[PDB]
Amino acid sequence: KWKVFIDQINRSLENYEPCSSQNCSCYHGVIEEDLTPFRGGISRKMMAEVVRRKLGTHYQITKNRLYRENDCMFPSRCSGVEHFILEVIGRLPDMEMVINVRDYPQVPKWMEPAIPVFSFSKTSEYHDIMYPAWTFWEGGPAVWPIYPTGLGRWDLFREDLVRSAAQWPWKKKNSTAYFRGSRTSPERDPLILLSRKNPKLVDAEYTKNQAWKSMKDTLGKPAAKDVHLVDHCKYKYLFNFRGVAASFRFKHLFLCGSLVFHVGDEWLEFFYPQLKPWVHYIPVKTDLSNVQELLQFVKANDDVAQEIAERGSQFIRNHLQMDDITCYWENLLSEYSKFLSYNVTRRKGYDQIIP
């Protein structure tokens, strides 16, 4: 009865091109795709317009020194971005760029001509250039009390998740699917409602975020207590959804050794194109219409389910290390700088970013 899914998995694995690189070259196609609209060159006038439109924070690099406009709406996100740029700036040529640190992308594809804005998340309907989000170092959501200063330090969180996964080998994991998050997209609602109807099948509950104003923000129930990502690893099946844009939850779930149920296929981060459905995770239709069949399938094909979870965990373990984040930053900005068709001049009043 599972032939359709079993064949899909065999097909996807036969199609799969494994990455054997020890560096971030496995993501190079994302850079090439994101820079394709700028192959005709980025002019000084184009850059001046992007800056005037305040689509992001204006950075400049000259002589391996980083400069920035005064204003940043989210200082902690600029600090996270700056952490990585400063790591690699000794090898970067002169350039300038606008780095959007808001959640949502800024350059819809229907805009002509394309203008270059760096954003952490997009869909294929945007021309923003993806970069590794600030949160790999600092500045992610401050979920009280578990991440009081903001979700960050991917290097440390990786280690904590690997230790937690070791405490919860697959066979000891709980078979009720699990989700804890806030109502940042209504696409999450059908899972919460399915959970309320069938709590043995799914344990999915809305926590509150800092914009909570009423019970409407938790679908009419008291908010659930927040749960550390390391405490997700006891569950076999972990759901991931878009929020405002893509969610930082996603990468963490793989390191639990659990099987990720990834809902939808529109909202991306730079590493997502290398994570493949049925190879690394279970794809779920955006409207959740096939979620009950998928949960029955994985329960009836637990050996396959485990194989998928282990591949996803290994991919994040081996190809989304801190060094991959820094490498991608360096390769992205180096490649981007080639398309500036003019010589950058430091702006009056931009302070240097140290250290």
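Residue numbers run from 1 along the displayed sequence.
**Q** Would you mind comparing 137 to 145 and 71 to 79 for me and telling me which has the higher average C-alpha temperature factor in the entry?
**A** Higher of the two, by average CA B-factor, is 71 to 79.
**Q** Looking at the entry, does 209 to 217 or 115 to 123 show the higher mean C-alpha B-factor?
**A** 209 to 217 has the higher mean C-alpha B-factor.
**Q** Based on the PDB record, which member of 314, 301, 64, 321 exhibits the highest Cα temperature factor?
**A** Each of 314, 301, 64, 321 was compared by C-alpha B-factor; the highest is 64.
**Q** Between 132, 264, 90, 190, which one tops the list for C-alpha B-factor in the PDB entry?
**A** In the PDB entry, the greatest C-alpha B-factor among 132, 264, 90, 190 is found at 90.
**Q** Lowest, middle or highest third: which one holds residue 110 when the chain's residues are ordered by CA B-factor from the entry?
**A** CA B-factor rank for residue 110: highest third.
**Q** Quick check on the deposited entry: does the C-alpha B-factor of residue 329 sit in the lowest, middle or highest third of its chain?
**A** Tercile = lowest for this residue's CA B-factor.
**Q** Lowest, middle or highest third: where is residue 171 by Cα B-factor in its chain?
**A** Highest third of the chain for residue 171's C-alpha B-factor.
**Q** Which third, lowest, middle or highest, does the CA B-factor of residue 228 fall in along this chain?
**A** It falls in the bottom third of the chain.
**Q** Considering every modelled residue of the chain and its Cα B-factor in the PDB entry, is residue 152 in the lowest, middle or highest third?
**A** Within its chain, residue 152 is a lowest-third residue by C-alpha B-factor, going by the deposited values.
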